[PDB]
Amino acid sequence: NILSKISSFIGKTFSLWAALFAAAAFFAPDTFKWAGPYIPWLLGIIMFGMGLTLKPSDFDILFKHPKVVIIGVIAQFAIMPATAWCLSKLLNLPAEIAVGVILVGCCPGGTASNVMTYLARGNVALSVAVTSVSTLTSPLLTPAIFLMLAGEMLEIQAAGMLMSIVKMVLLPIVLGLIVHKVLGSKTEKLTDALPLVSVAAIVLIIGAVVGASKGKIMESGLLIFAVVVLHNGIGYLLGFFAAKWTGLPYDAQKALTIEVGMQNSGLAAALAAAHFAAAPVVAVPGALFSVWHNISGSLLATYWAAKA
């Protein structure tokens, strides 16, 4: 039973563990540099877990309230990519950093936003459906939006991103969804192992990325951190006003604020490792975002849980 309490604590203190592993990789790169070629498999395991936990009723809100889910999807792909582009222009970021920030911005939402919405006492059904739709549509929308913002010069890289998202995100989500229909209620035993396995997989992606870019973090790490904080923070701000100005209720407003600001930044780190391998700093905005958004997401959720 102690293993369940240990898993619960690790989950409730994720960011602190992710920050420790990022620091371990920063002081000792050779501890996690071996995980680099395993990054696609590590993210694939996380995506398999999402589909495994995904049931057909998680899409009910999409058929009962299509306009609410669609506003969420539009806000995710309009705000985050535009914010990444604006900050890259505003702060005159060097090309490799700007591409890394645009990549994070073009990614779909993160699973953790579902838990943050539950803690914020927001519309959980809406949070779950927006993440699922943004993720399922990402094979086409992530490379197409990346291509428009980062520039038509990265056509080869963006085309390869479509293939990578199919292999690391779509292939595992589907394989996970079929298992849930196959085993039925028996999948609960397999979902209990998921938090620990997923945490281990993501800290290994973070560790591998930080280790491969020590020198680049030594020169631009602080600038990347400031951009990450502003990117995620502005994502909450614009996400709130998009939910409010479309006339959505308070529960939906909290769901969409978190939805927009929180990103599948592990996918961004994976896509940068696979398509811009010769430039290790490109994966850095994604790696730092995976640590940061959980900290800011819990702060915002805590404020709303205290208010309600």
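Residues carry their position along the shown sequence, with the first being 1.
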Comparing 153-161 with 184-192, which stretch shows the greater average C-alpha B-factor in the deposited entry? 184-192
Entry B factor averaged over C-alpha atoms, 222-230 against 116-124: higher for 116-124
Options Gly266, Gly247, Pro280, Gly261 - largest CA temperature factor per the record: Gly247
Quick one: which of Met50, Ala274, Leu43, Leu256 shows the highest Cα temperature factor in the PDB entry? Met50
Compare the C-alpha B factor of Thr135 with those of the other modelled residues in its chain, then answer lowest, middle or highest third. lowest
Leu20's Cα B-factor: lowest, middle or highest third of the chain? middle
Entry-reported Cα temperature factor of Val179, expressed as the chain third it lands in: highest
How does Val291 rank on Cα B-factor within its chain, lowest, middle or highest third? lowest
Ordered by C-alpha B-factor within the chain, which third holds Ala270? Give me lowest, middle or highest, please. lowest
